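Visitor: starting from these lines, generate the structure:
(6 chains)
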Amino acid sequence: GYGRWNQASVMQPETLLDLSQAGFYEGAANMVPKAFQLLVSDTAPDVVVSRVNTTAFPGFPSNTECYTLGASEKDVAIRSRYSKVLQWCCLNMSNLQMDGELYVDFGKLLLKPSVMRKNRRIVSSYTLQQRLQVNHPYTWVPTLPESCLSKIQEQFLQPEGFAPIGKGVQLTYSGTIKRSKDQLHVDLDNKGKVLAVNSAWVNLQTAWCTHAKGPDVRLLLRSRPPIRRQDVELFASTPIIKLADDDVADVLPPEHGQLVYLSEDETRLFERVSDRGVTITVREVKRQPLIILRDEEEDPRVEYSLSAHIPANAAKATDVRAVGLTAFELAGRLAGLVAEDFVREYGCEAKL
Amino acid sequence: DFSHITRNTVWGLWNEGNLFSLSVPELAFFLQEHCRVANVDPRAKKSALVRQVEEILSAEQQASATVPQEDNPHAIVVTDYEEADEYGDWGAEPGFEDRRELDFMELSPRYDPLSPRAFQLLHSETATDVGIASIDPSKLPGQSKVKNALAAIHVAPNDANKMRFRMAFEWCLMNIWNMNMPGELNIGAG
Amino acid sequence: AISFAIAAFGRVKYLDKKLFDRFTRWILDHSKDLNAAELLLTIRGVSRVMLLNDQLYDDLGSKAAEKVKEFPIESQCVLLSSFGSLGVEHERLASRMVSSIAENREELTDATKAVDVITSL
Amino acid sequence: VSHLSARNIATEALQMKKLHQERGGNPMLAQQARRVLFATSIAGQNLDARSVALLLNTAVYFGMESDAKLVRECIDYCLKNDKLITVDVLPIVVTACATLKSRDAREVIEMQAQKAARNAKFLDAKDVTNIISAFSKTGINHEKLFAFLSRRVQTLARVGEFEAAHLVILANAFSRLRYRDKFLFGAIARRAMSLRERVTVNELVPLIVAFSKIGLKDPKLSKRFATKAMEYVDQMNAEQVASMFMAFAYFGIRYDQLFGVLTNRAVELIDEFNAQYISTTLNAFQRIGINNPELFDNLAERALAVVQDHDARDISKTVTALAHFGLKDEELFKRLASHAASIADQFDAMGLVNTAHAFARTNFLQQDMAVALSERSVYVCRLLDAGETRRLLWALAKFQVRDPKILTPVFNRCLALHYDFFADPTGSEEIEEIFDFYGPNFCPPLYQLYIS
Amino acid sequence: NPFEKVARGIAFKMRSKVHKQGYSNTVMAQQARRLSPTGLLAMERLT
Amino acid sequence: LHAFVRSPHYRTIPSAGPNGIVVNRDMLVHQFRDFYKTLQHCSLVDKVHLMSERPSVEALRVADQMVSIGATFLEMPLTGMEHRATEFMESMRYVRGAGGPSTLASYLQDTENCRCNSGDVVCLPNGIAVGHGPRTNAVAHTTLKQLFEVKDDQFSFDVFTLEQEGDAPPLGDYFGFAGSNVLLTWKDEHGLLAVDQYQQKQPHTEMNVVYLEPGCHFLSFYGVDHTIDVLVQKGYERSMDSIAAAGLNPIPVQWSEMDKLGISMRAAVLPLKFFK
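Guide: Numbering: from 1, shown residues only, chains lettered A, B, ... in the order given. Shown next is the structure:
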């Protein structure tokens, strides 16, 4: 209450309202544009233009004004749509100065009863794709019966170029940490030392191409967010787990975070290069979960995985769509081979 | 400083008007690596570095974001002389599913001859409709407590065509009953 | 340092949302003990940033109406124009505040201020 | 507990848009407006029709979509409060809810169409032209509304009531809308004709462009437009030169004197050629058939100077036009080939096959573009039609490509479409070439289908 | 070169389309806001 | 300041109107556009709007529906006009298109028994004039006495009931008024009687009078604006000189064929005042 309160200064006309907002754009969830795909085999959502010669119709017999519709093939539309969306997503990711990798996984798709409504059994593909984008009611669980490895090697692994490299039956641990703001992933050695400390994965392109009674494939594109190396170094001196003779325990201090999921992994690797610089890698994981938080993961699980590598230079030189087409082509083979035992003695896929 | 400060982070901070929430070494590293400046005296305080970063960012920004919501003559364009969103893949269209059940037919808002009030194209070989079915996931490793789980299965085109036909037929019956006109039905071959 | 800060912010239109929310909550908690020449310094500051609050404006209007003789003529005109600019209405403030400007009519610089007061009213 | 006065916010947003638009548009104003408008929220206040349309208009102008809270809140109060919208604020809302991709952003337009269909009779000139311009961009094709508005325009044009600024808007909107009527366009031409010496070149060229875009017309109309174009050639720059030249080419009438004077006046501003619209003026000659070589050499000389600007469509059209009148000048052609090879990632099917056909025609084959185009062909061979598939197959044949992964899909496609492939007489020689170049081994079905 | 400018503009527009006011993000936030079946009785016990 | 006219119907326009003289169908359409141009240039009306086409030629009389005395309007009573009431509805639309509904003359239309015609009521500086004859009753004069009347040193407004014979045309047809204390009157019995009746009322008006030969149609409006101009038929030449000698600029317009139709300046346009 000082300084000539009865003489208000003349307020300049060049004053427009301004606001300050913090954290509006920052955040792991709001990082990159996303996309989605929901694809069912034995589909043909397209029509083909054709023309015929109708010279037996009295009245307008000219064939110029004749137009007719025809059917199409099944796989071409799915492959074209998938390749186009993959190309657009990879172009955007390379435009944002980021790196990412392609991923191929085998398992099954399960949906909550929320998607179904009013006892309807025929739904538009667009409607289903739009309905599965609000609450994420899908409950994908990766799995594959183990009684196929005899014929797994008999899938033209060596003829294509897949060869067993490195050392097999490697023992390791995979765990996750829930920090104050984000999530982190830690790879622990058999001894107990942390191998790598990375950030949570973000999926840019999602594809859920279903299949017949056999397993279905869920092609994905992934990117890895940055992480402060101060936090990388910090999670190397403080012990995370302590390994007794049989049991394993968690020692992570409460101030640093919390252990929410840790499992034991038996890993082996196979590698292929198809004279193009592309590294198609197959990995084996017979994981047995140890420390769980949610309820739907309490069982031994053996699953397969295929991967490639696309650095931040494919926007100018490397043909991105070729790798996706090759991966989709060679995933169908392995889907077909293990289709029988996936429903014969283990599993039940009654699609009717 | 380190690798966590990238173009996306600085762009977001600039767009939210909070660039001052950064340390001097971070700004110096950003100017020395991203903006590619000649050299920076390791004595400048926050204001000079912030102003330099801001000017460099604004000068190199040339992708216009505004769309002119007005009409203007003297503009010459040669272009004529949704498709990506037709499949509905690049996001979740806000305000969907909150509409009358008119997905199977095209209805646009009196007597007029040769004026179809509702068109519905159909086909036998090609049908754009997927189906759902129940399964028992008890075997699967983790779903040992749920008895029913739905999976997406393709369906025969004829059943979908019949379903669309009856869905249109009930609507037509209700409409013609509300109007109470003399009703006729024709099935022509040709 | 709340009235001074509010006036300094409202003189340049740099409203900060959460900070202003805390400011309003504080001045709502302790409101019955604000000396004159400070209501005038906060009403203008909070009205030039286009904040439409009902309880805060009600309290400030009642407090300003209670103390009328302390405000001089130009302060009366500015306090009327501040409420007038946004569009909020207060019967008690205007009724109690136009009487002083009517009684002290002869001290106005000219009739332009009179027509401005009438328009703002 | 605290909001922002939406009316004063709308006023400030209007001032901010006016300052941003008239000064150059530094991104500071855009960020300031977005920051201010993001916190704004229509609420239990009582905003009238104007204060909602203004906010919607400014928000869409400053780069906002249905993602923002304000846009979603403002697209309502129009779904449910429809009677409030008046003719003064109808075009603002209609053209604001055009680029929005939301479903609710497409229902509103429908309602507006109805509220215009019964009111196309009780409007003045300015309201009619504003409504037509607003509805042009959306994409609806309500026939009754367009018929009513065409009538009203014809009635108003009987006695002069249109300044020389709304004829351009009306003609452009109708031409883009893809709606044709002899009477309406005749009336517009007559009214433009009455206002002699008022229409400048800057207001004349767009009318010609709009009329040519609907070129399915009759003569005696472009005949008179040729007369007016005589005296407006002096004070016009290269942009309208090329545009009206393409328009006159699309008219389909040989104007020897007009083409001659255009050629005479065009050489002075050869420096202003940015090489972006050189494709249109080159392709229009191929469209009509005039083969004046002087300006052709003048255009070709200004090529190496500007090639970066060249885009995929520009390069494809330029090479296709240069196929006729084949200079085959290797100095430009090597640089153009390399530049198109760099750009070759983004292209179009039909454009792909014309580019391959033109490269095979010019008989200049280098490994880089050859292999690049052969790689990129496979992604588009699926949708090419009969003759286009034949041309692409012969392009690969000239390219000497034996990779099975390339020839298998095109051979499958031509096998699935043998009837149309073998029914083209003009292309017959072409099919001849292909087999006697390759041989009988590849596709035996194609063998005995040809031998039939 | 014009195509590269168009691609830059489209990419940055799509990037700016994602923020904390999105419809899907609001839906997930309100889903997280939902109380547990025992949460209601816990609030009743506290009351 | 808002003026409304309606274009004629070419197909249903009748020849040989109710005077025994044939008319040229094309000539009406030819003259109407020139009339439109003169009206929109003559600086007497702010805006002109082109009403849509209708079959009946009796619908060409845009007036005789609704009269503007001030910021408010007055609809005419429905008495013998029911047969075209439908088209009246359309007219209002155009009015409401760019204007408010004002009072809707609820007080005038619903005044028990009413007999009013657009042209019996003519405004004047601080005055209203009602032509009491075979078209207007005294009840209308009493209603206007109730409504549009104020009496004070500066709130000075007056109403004059002017007597006329049974065979006289409507008041606004012959004796009119133009701004700056100039009063136009026909040099016939009706005009002399009207001038005498006005002179006996309010002698302090000091209104100059200019005479015109009988049978001349002219349009002149007080208006909120002040202007020196009049619209006169391009027939009788002496009237132009008589009115120009007083300092008023005349503007000629051609109405021969429409005069044979029987359509006057008053009913050819519809003046209105629109405010905010």
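Visitor: so what's the closest residue to chain C within chain D up against?
Guide: Chain D approaches chain C most closely through residue D:5 (4.4 Å), counting by C-beta to the nearest C-beta. (C-beta placed from N, C-alpha, C; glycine too.) Residue D:5 makes contacts with C:50, C:51, C:52, C:86, C:87, D:45, as judged by C-beta atoms under 8 Å, 6 or more residues apart in numbering or on different chains.
Visitor: quick one, what contacts the first one?
Guide: Going by C-beta under 8 Å, 6+ apart, residue C:50 touches A:17, C:15, C:86, D:4, D:5, D:8, D:9.
Visitor: and if you look at the fourth one?
Guide: Contact partners of residue C:86, counting by C-beta under 8 Å, 6+ apart, are C:47, C:50, C:52, D:5, D:8.
Visitor: distance of it from residue C:119?
Guide: 15 Å (C-beta to C-beta, to the nearest Å).
Visitor: what residues does chain C put near chain D?
Guide: C:17, C:20, C:21, C:24, C:50, C:51, C:52, C:53, C:86, C:87 (C-beta under 8 Å from any C-beta of the partner chain).
Visitor: what do you get if the cut-off is 6 Å, keeping everything else the same?
Guide: Those residues of chain C that sit near chain D, judged by C-beta under 6 Å from any C-beta of the partner chain, are C:21, C:50, C:51, C:52, C:53, C:86.
Visitor: and chain B, by the same measure?
Guide: B:58, B:61, B:65-66, B:69, B:71, B:73-74, B:76, B:81, B:93-96.
Visitor: can you list which of these are found in strands?
Guide: Counting by DSSP state E, none of the members of the residues of chain B next to chain D fall within strands.
Visitor: could I get the phi/psi values of residue C:36?
Guide: Backbone torsions for residue C:36, taken as degrees, to the nearest 10, come to phi -60, psi 170.
Visitor: now do the contacts for it.
Guide: C:67, C:70 (C-beta atoms under 6 Å, 6 or more residues apart in numbering or on different chains).
Visitor: what's around residue D:65, how many residues?
Guide: For residue D:65, the count of nearby residues is 18 (other C-beta atoms under 10 Å in any protein chain shown).
Visitor: could you do the one 3 residues further on as well?
Guide: The burial count assigned to residue D:68 is 22, neighbours taken as other C-beta under 10 Å.
Visitor: measure it to residue B:94 for me?
Guide: Counting by C-beta to C-beta, the gap from residue D:68 to residue B:94 is 10 Å.
Visitor: partner strands of whichever strand or helix holds residue F:211 and their direction?
Guide: In this structure, residue F:211 sits in strand F:208-212 according to DSSP states H and E. Here strand F:208-212 is paired, per DSSP bridges, with strand F:182-186 (parallel).
Visitor: other residues contacting the strand it pairs with?
Guide: F:174-177, F:191, F:195, F:207-212, F:214.
Visitor: switch to 8 Å and redo it
Guide: F:174-178, F:191-192, F:194-195, F:198, F:207-216, F:218, F:220, F:230, F:243, F:246, F:248.
Visitor: of those residues, buried ones?
Guide: Neighbour-count burial (16 or more other C-beta atoms under 10 Å in any protein chain shown) applied to the contacts of strand F:182-186 gives F:174-178, F:191, F:194-195, F:198, F:210-212, F:216, F:218, F:220, F:230, F:243, F:248.
Visitor: inside strands: which ones of those residues?
Guide: Using DSSP E, the buried ones among the contacts of strand F:182-186 in strands are F:210, F:211, F:212, F:218, F:230.
Visitor: those residues: which two are farthest apart?
Guide: F:211 and F:230 (13.7 Å; C-beta to C-beta).
Visitor: for the residue of chain B found nearest chain F, give its distance to residue F:117.
Guide: In chain B, the residue that lies nearest chain F is residue B:110 (19.8 Å; C-beta to the nearest C-beta). Distance check for residue B:110 against residue F:117: by C-beta to C-beta, it reads 39 Å.
Visitor: more neighbours: which of the two?
Guide: residue F:117 (23 against 4).
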